[PDB]
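Protein chains in written order, with PDB author numbering: chain JD, 1 to 427; chain JC, 1 to 38, 44 to 439; chain KA, 1 to 38, 46 to 439; chain 7, 33 to 63, 73 to 106. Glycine included, each C-beta is placed from N, C-alpha and C at the ideal position.
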Amino acid sequence: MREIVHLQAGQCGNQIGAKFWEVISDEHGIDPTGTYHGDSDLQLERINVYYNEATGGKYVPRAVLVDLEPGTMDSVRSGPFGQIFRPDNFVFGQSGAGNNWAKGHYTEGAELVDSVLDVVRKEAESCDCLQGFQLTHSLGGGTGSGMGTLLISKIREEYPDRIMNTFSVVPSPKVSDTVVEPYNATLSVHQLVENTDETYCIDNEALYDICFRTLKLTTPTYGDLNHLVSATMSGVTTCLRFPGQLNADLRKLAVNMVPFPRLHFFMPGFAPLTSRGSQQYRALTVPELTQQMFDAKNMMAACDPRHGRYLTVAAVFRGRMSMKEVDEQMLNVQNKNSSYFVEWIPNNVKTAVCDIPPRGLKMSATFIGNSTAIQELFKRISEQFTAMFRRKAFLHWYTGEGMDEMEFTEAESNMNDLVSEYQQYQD
Amino acid sequence: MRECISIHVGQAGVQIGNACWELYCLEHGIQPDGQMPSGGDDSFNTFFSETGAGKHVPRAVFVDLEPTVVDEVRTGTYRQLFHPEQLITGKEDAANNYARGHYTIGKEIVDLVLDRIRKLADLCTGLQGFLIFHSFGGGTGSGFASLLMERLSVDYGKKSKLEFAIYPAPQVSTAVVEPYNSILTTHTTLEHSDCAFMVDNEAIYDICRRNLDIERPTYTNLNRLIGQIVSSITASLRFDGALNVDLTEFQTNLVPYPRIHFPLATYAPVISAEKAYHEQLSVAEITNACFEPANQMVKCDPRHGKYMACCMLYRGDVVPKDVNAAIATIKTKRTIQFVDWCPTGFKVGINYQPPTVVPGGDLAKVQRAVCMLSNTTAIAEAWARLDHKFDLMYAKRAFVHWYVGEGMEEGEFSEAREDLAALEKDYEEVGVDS
Amino acid sequence: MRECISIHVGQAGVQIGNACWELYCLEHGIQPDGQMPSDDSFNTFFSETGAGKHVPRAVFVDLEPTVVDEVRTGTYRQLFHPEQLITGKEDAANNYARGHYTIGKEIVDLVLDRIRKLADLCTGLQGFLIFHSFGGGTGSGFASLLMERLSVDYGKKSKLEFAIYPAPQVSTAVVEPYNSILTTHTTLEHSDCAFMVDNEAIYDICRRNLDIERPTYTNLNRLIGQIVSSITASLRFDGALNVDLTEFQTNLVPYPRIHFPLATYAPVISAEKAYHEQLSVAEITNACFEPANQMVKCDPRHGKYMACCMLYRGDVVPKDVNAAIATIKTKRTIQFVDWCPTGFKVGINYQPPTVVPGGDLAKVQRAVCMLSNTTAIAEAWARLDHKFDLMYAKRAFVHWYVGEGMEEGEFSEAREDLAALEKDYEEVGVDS
Amino acid sequence: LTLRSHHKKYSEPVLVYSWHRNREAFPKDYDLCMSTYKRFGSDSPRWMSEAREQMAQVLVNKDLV
Ligand SMILES: Nc1nc2c(ncn2[C@@H]2O[C@H](COP(=O)(O)OP(=O)(O)OP(=O)(O)O)[C@@H](O)[C@H]2O)c(=O)[nH]1
Ligand SMILES: Nc1nc2c(ncn2[C@@H]2O[C@H](COP(=O)(O)OP(=O)(O)OP(=O)(O)O)[C@@H](O)[C@H]2O)c(=O)[nH]1
Ligand SMILES: Nc1nc2c(ncn2[C@@H]2O[C@H](COP(=O)(O)OP(=O)(O)O)[C@@H](O)[C@H]2O)c(=O)[nH]1
Ligand SMILES: [Mg+2]
Ligand SMILES: [Mg+2]
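Encoded structure:
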């Protein structure tokens, strides 16, 4: 049909995946046991895209959970939906990466990359017509940033036609929880660019600002950050799982958000973001959905799009609505913010409609788009990277893995080459 | 599953192990007999191993070249808690002599301690690391520990060896020949160690007097504080957390070069119940307390140096939100300095379970706590003072006759002095800014 | 059914027969009178009488009355039938000659007649367990004689040979090595397996493991009882892999001139030590290879194993047995010859070992027994030949031996055979 | 000694700037594990497709005669 395989790497990626598998099980009316307690029929017609059939009316998600430390897996199995995932899909190493990219990517990821190879190949041959693979991880880690990128390197050779979209987590300069973070990031972004059809820059600090001010949360935890990504995760696929007036799929946006293969970096957005109490005010219409989703404060990446030029914009709406107000609304915001759009692609906006709203909520929209402001993110990494590289610092950890020194230089060449050609399209 | 083996050496090692293992028993709920009466299920698997009789045995190696200190444990409250093979004693001590601890008496039992640690590693499946607790002053805890770590690095090249050791104090001293063993242990702790936790007793004296109001404390007070610090560093392995941080993670994010593995530890808050009755505590509170030079566990001022790398362990009712606010406020201070080549030098870990309090302690029951490991260059002045006093003895050839009669060659004194001078030079090179 | 008849000889034999049969009574439930207070597992050791009694099928033999008289007035005085304990008026006093050609022949027929009636009682006899010493003259001179005269009566019945070899350093006699040489013709010609053991090695194991700084021969006696119980444990009680005496003889002796394996037992720990150490299959199988745990003063690391036999007993699962032997094969200092690819023989028993009151080994749920044939035993005989030539050159103590009634040519022949015995062991030690 | 700090936990009834938004967002509050608000709405879902409505009125509507 059109199935999706969900990869999962690292302490980070495992926690977003558990939250994401939570909501779409709540959406499809799936209890934590694994049975169906939904009411409507549309909730169970395309469950095959995410849920694999089992005996007794049971469904298993098509996920591959990987981490080099087994201590995250015990928290995964013990969560709310901790038993809904198949034990054979738990693949793990005995020793963690220790936040070293080189350790995870070569020394310890090589042994375990064959086991994750076997399951996903088994899961690939289970479904009939696979649309593509999804994966969630962190670039500041050692498992997802390290061996996780090695997964991306392998499967493009095995399955080139299938679309790969990475909802990676990009570290912040203002808030850093890893000293050697610019290293592992720099030997990561070089690995994404060569083989990744679309990338989604996620920054915790930006999500951190949103829970600060947009939702006014006194004590937000990590889960709400994962909830917003999970909501973002659901809002891009929802045009596939359910019927819509104007349908789309991953390909329809994966074909459309990239004018040139080197450009596959986008920041994601979610339109309705208010308080739980305040929903009964805020008279909900289609125009207000537009206003929330062209605000830089709504954006979940660490870049303000005002300093960049919006190359491409695609928005997917949900729930029953008549379409006239929408098509004039990005018709509206295209003219007035003309300086913020490129001139060499007229009508920069793609639209799509899913007729089914998310559970409990009435109208929502999902924003993915390409712009020049993502170049601001990488150059901040390089200024951290070269300074820590100018003194050969934090290098004996990488040198002791058996790797050489030029890998830092060519990677420093590549994203410098990327930002150079990215800058050339701004002007 | 993660396992950390303790290799405590000497009187200091045995006392510190008493404090630390009673703390572990208290938090895990282990009775001194060693049975469970009733985050994580196997949270005791990092420290304790199951037996057939439903009894948990610690993964500890107590080694001392004098039997009094270990007979205290053998006849103490925790007699049945410990394997009498795990406790290893020598008939005659090194008598504050590095040469005796390194060439004559240690070799009689080096094979025995090797066999014991071999068995202790064989029992475990996945060993995370080796925590070596000792002191440079005592002849046993210097020489025997140096030999053990020498043979340990060649037996287990990959397994990390973390160093918790007690330095000679800048002003007070329990010995006069302590600086000799201090010089001669520096080569071994430079070559066969992954990170060090140099502790002097004067700073802890000042902390306990000024903060905990104890005008007349004892050695168990400092040992309890060290056990609290070790509990904080092992908390991410023992219990679950939002950001679980293994030993390898902070080894990676604290060590720039193979010759720089000397950060500084810092634990906060340290207050009495009479004060915690009224003072409200927060993440900003504890992170500002962690940067006080009078609060530092070594006798050096980081304001006279530059912070290179900081590893923070938040514990309890902590939230990353306030963690990042604390981080931003810390970044917005001039007095706190960083090197040119480390723009982002923070390594954050978070654990759920707030620290537990022993009866007979001084720390109030606090919901949040924090441990800091700061690699910085202000530590070099301590070795500079050590070099000053060591040359101030070596020039007139004092105390070397005992060592020579024990049977080593006098050149190694000058070689180790040159090694420490070169290490200070290297720290100066790192402190150089471009 | 299965039956074992014991022919213990010497002050060792009487003392080890008492200790071993003390264990035999406790495991089954025999009272010191001989009463069962509460299927026929005891038939291998006991037998029914006309009063419902159980009588051990053992023949204690000694040529001095005072050793066996302590048994006759002992706790089990009414358990042993008085004819089965055989005495003699005068002894050899540490001389092979006197116990083999002058005093031995006085009692040959009565002991042989006694063994006939015990064998007459048995229906299918499995083997003869024989215990004696190379040091004592009566445990060497006479025990050699019966072996020749038992073999003519039963040429095919198995004759296992548990013996006390002299210790490499300590000794209870000076004239001891003479008895050691001329007896080694007997244990070669009329024996089927050997279990030599020196008290020095057990003296080491007991003081270092069981924490008894001053053990006695009883402590040494009990440990040998644990070995002989486990080698017979397959016969007495049921199990997954029962292993008969005929079974382990085949997978221990590659060549008939090579029937000298080494026994090993594990664990041997005190209850003070047993409380804190967890005992698993791996933890007990590695101790059976440690040279410090051997009952013979020889290091197998100086040699190579020909054949190893496994006797597992207790709470033992077939899964951990294959995992234990897997790790043992993966150790380099454990060596094997080129012509023995697979040198194991596993047996599984279910009844766990029992403890005697006043014993040393703590009650345990599982254990292991080893029977390993290695060539490192050969150096023990070379030292004995060394000690023999330092006294045969001066012709010392020989005037005792010739005066008893045997020729001077025999010491040369006996010394020569052991050199040929030592030479054959190197041929096996050679790898092609 | 003494420690400096900035902000504090306070309590719920006591006046603090943003107390009102705290207590209006109190519905579905849980502060570790999981999220807090669960689903962004809790009202009634609905499953009427546009083609379904556009097709079903012919079956059921104002059957004028
Ligand atoms: N912090 C702390 N330091 C200790 C403790 N016990 C001993 N020390 C330090 O150890 C130094 C002397 O070494 P000891 O541990 O007493 O003796 P040793 O290590 O066995 O070496 P020998 O003296 O040769 O037997 C002293 O200068 C103390 O500073 C302790 O319980 N806590
Ligand atoms: N292990 C062990 N050895 C014993 C025991 N009893 C005697 N021996 C050994 O026997 C040796 C001396 O010979 P004995 O058995 O005492 O006397 P014998 O065999 O009757 O020979 P004669 O002295 O000529 O009568 C000593 O060296 C002991 O090692 C015993 O109970 N256990
Ligand atoms: N948004 C979000 N970020 C997370 C979560 N868990 C971890 N992270 C981030 O992931 C980074 C650490 O990744 P790490 O665990 O070392 O990755 P690994 O080496 O692949 O296991 C940190 O900077 C965190 O900010 C989560 O649940 N949500
Ligand atoms: Mg001492
Ligand atoms: Mg005798």
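field: C-alpha distance - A18 (chain JD) paired with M75 (chain 7), whole-angstrom precision
entry: 10 Å
- prompt: To which residues of the same chain is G56 (chain JD) closer than 8 Å at the C-beta, ignoring the five residues directly before and after it?
  reply: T35
Same chain, Cβ closer than 8 Å to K112 (chain KA), five either side skipped, listed in chain order: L152
- prompt: Who are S230 (chain JD)'s beta bridge partners in DSSP?
  reply: According to DSSP, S230 (chain JD) bridges with nothing at all.
Beta-carbon proximity list for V324 (chain JC), same chain, < 8 Å, skipping 5 on both sides: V288
message: Using the three-state DSSP reduction, which class does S138 (chain JD) fall into: helix, strand or coil?
response: strand
- prompt: For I219 (chain KA), is the classification buried or exposed, using 16 other Cβ atoms within 10 angstroms of its Cβ as the cut-off for buried?
  reply: exposed
query: Tell me the DSSP bridge mates of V353 (chain JC)?
result: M317 (chain JC)
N416 (chain JD): first and last residue of the uninterrupted alpha helix (DSSP H) it sits in: 406-426
message: Looking only at its chain, what residues have a beta carbon closer than 7 Å to the beta carbon of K311 (chain KA), apart from the 5 residues adjacent to it on each side?
response: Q342, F343, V344, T381, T382, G436
field: Beta-carbon proximity check, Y103 (chain JC) vs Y172 (chain JC), cutoff 8 Å
entry: no
query: Once you ignore the five residues that flank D438 (chain KA) on each side, which residues in its own chain have a CB closer than 7 Å to its CB?
result: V344, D345
- request: Measure how close the beta-carbons of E27 (chain KA) and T361 (chain KA) come, nearest whole angstrom, since I'm counting them as under 8 Å.
  value: 5 Å
task: For my contact list, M313 (chain JC) and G350 (chain JC) are in at a C-beta cut-off of 8 Å; report their separation, rounded to the angstrom.
output: 7 Å
query: Whose C-beta lies closer than 8 Å to the C-beta of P175 (chain KA) among residues of the same chain, with five residues either side of it excluded?
result: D205, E207, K304, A387, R390
- prompt: When the cut-off is 8 Å and only beta carbons count, does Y161 (chain KA) lie next to chain JC?
  reply: no
message: Just to make sure I have the definition right: I need the residues of chain JC whose C-beta is within less than 7 Å of the C-beta of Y319 (chain KA). Which are they?
response: Result: empty, since nearest Cβ-Cβ is about 17 Å, beyond 7 Å.
query: Rounded to the nearest angstrom, how far is the Cβ of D199 (chain KA) from that of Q256 (chain KA), given a contact under 8 Å?
result: 6 Å
query: Along chain KA, which residues have their Cβ under 9 Å away from the Cβ of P89 (chain JC)?
result: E279, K280, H283
message: Quick check on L152 (chain KA) - is its C-beta less than 8 Å from some C-beta in chain JC?
response: no
- request: Below 6 Å CB to CB, which residues in the same chain sit around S188 (chain JD) once its five sequence neighbours on both sides are set aside?
  value: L139, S145, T149
message: Just to confirm my understanding: we take residue 444 (chain JD), look at its own chain, exclude 5 residues before and 5 after, and list those with CB closer than 8 Å. What are they?
response: Any answer about residue 444 (chain JD) is impossible in this case: the structure gives chain JD only from 1 up to 427.
query: Is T145 (chain JC) near ligand 4, going by C-beta to nearest heavy atom under 7 Å?
result: yes
message: Below 8 Å on C-beta distance, what does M89 (chain 7) contact in chain JD?
response: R320
query: Taking 7 Å as the cut-off, is the CB of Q11 (chain KA) close to at least one heavy atom of ligand 5?
result: yes
task: For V409 (chain KA), count neighbouring C-beta atoms within 10 Å of its own C-beta (all shown protein chains included) and say buried if the count is 16 or more, exposed if not.
output: exposed
message: Just to check my reading of the structure: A19 (chain KA) and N228 (chain KA) have Cβ atoms closer than 8 Å, yes? What is that Cβ distance to the nearest angstrom?
response: 4 Å
query: Under a Cβ-count criterion, where at least 16 other Cβ atoms within 10 Å of its own Cβ denotes burial, should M267 (chain JD) be classed as buried or exposed?
result: buried
query: Counting contacts by CB-CB distance shorter than 8 Å, is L368 (chain KA) in contact with chain JC?
result: no
query: Is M299 (chain JD) buried or exposed, if buried means 16 or more other CB atoms sit within 10 Å of its CB?
result: buried
- prompt: Going by the C-beta, is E71 (chain JC) closer than 7 Å to any heavy atom of ligand 4?
  reply: yes
field: Straight-line Cα distance separating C303 (chain JD) from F385 (chain JD)
entry: 19 Å
message: Given this structure, state the Cα-to-Cα distance separating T372 (chain JD) from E284 (chain JC), to the nearest angstrom.
response: 49 Å
query: Under the three-state reduction of DSSP, which class applies to residue 442 (chain KA): helix, strand or coil?
result: The question about residue 442 (chain KA) has no answer, for chain KA in this structure spans 1 to 439.
- request: Answer with yes or no whether the minimum CB distance from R36 (chain 7) to chain JC is below 8 Å.
  value: yes
field: Host alpha helix (DSSP H) of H393 (chain JC) (start-end)
entry: 385-399
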